[PDB]
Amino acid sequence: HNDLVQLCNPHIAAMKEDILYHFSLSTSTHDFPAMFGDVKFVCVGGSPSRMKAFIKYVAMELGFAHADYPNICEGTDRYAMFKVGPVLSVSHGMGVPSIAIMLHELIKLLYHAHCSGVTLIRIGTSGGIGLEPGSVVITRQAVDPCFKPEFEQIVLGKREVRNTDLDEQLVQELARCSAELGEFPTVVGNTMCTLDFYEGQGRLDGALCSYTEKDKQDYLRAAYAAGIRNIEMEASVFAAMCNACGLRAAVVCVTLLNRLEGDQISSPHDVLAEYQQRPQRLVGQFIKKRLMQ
C-alpha cells in the first residue's frame, strides 16, 4: 500500500482558497487532483534548464517521448515545473531559503492533489572532498557546518532543530541502481550543507576571506574524517522537511571538483555538462526499475 501525503499544519484544511504564490497556482483556479493526482516521483534541482532537460530525458526513457514540455509555472519566474506521466520535475534555485519556499508549496500541492506513495529526490551539484571530480554522492546523512545532523530554524524568535537523516533503504537502492548503470563512480557518504558558497565552504576566492590555504585544508580534512564526502547548500532543509511530513526522500549530487585541490570551477563546459547528467541517469534508472514492478 501507499500512504497519502500529509501536512503538519491544521490551518490549511480551514482555508477557502490556498494560493501557491511562488508557483502561480491556486486551488480556486486549478484542479490539483486532475493535474497532479497520479504523481509518484518528484525530482528537484537548482536549475530550471537542467530540470527541463531532465523531464525530456525521462520522457524518452519511459517511452512517452515523440512533443512539447510546457512549463507548468507559467505566470511566474521563481521556479519552473514539468510533468510526464508519474514524474514531476521542479527547480528550486540556490540555497536553504529558496528550496524551503519551494518545499512548502510543493508539499501542499501534493496534499491538495491527494498524491500517495510519493518519493522525493534532489538531484544537484556539489563540491567533493577527497573524490575524483564527476563522482556522484548519495547522501546518507545531511550535516551542518559543525558536522551535526541537525537543521536549525528560528520560529517566532525561538530556535528549533530537526533531525536530518535520510531513508537508509532508499540510499542502498540508489547505490544498486548506480551499480547497474556502471557509468561513473558513486559513493554513499555524508553531505555538509552551508549558507554560503565562498567563506561558508572554506573557499579562498570570495570577495571576502580572512583565512589561509592551511586553515581550509585543516577544516576540509576534519570534515572528511567525520565522514563527509561532499558539500552543497540544500540537503539540510530538504531532509528535515521530508522527515517532518513522513516523506521518503533522497539526495543525489555530482561533484564538480575536488575541494582538497582547489576552489574554482574550471573544467571545460562540455565536461561539466556531462557531469550534470550523471545524477539524472542514476535517478532515471531508479524510476524505470520502480515502474517495472
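Note that residue numbering follows the sequence shown and begins at 1.
Compared with other entries of the same protein, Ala67 falls in the group left without coordinates by at least a third of them, where both flanks are modelled.
Missing coordinates between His66 and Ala67 amount to 1 to 3 residues of the deposited sequence. Look at the C-alpha B-factors of 67-75 and of 196-204. On average they run higher in 67-75. The mean C-alpha temperature factor is higher for 175-183 when 175-183 and 91-99 are set side by side. For the set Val137, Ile121, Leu106, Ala113, the PDB entry assigns the largest Cα B-factor to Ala113. Among the modelled residues of the chain, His22 sits in the lowest third by CA temperature factor in this PDB entry.
Among all modelled residues in this chain, the alpha-carbon of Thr255 has a temperature factor (C-alpha) in the lowest third. Among the modelled residues of its chain, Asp144 has a C-alpha B-factor that falls in the lowest third according to the deposited record. Ranked against the other modelled residues of its chain, the C-alpha B-factor of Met81 as given in the entry falls in the lowest third. Split the chain's modelled residues into thirds by C-alpha temperature factor. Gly127 is in the lowest one.
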